[PDB]
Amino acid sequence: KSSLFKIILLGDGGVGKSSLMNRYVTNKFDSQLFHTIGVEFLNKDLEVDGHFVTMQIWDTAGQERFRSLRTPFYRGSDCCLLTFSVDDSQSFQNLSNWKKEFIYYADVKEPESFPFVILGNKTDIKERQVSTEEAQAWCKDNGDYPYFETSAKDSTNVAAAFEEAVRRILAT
């Protein structure tokens, strides 16, 4: 890694990737966001351990039709925020596919230990389709990844999630 910590968000369309980035960077939420087409990135600088970090967050299209727009920018990522929505079972069932897509196109230095952090977003929705138990189980079984239940809407665990991504990058 260079000093610029590259954190990339991947996950199905509608799961809340753009909202998560926008909540963390600008502390805003929009109930009417449109689908992402080309990738977007934003810088964010702060202290995590009480130590100075410069990150660049890369937001990508979740929709299959835009795969070719996002895959060129996987390379050089330091951590991947694999995102699903707790109200969307298919988004969770697709996690393994997303991990495989990342690894294939990222060509990272050693794929076995690459840092993923898993976000089950929209935790504010009580009518969930995905259980915390099964999500925790997937994280354990597929690399013992950190798991966060998040809400871009009410801010729950959004900063926690990005802060953990930084903690997973630091050791390299």
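Start at 1 with the first residue shown and count on from there.
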Mean C-alpha B-factor comparison - 40 to 48 and 25 to 33, higher one: 25 to 33
Stretch with the greater mean C-alpha B-factor as recorded in the entry, comparing 150 to 158 against 10 to 18: 150 to 158
Identity of residue with top Cα B-factor, from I103, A61, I125, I57: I125
Third of the chain, ranked by Cα B-factor, where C139 sits: middle
Third assignment of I169 from its chain's C-alpha B-factors: middle
Record-listed C-alpha B factor of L69: chain third: lowest
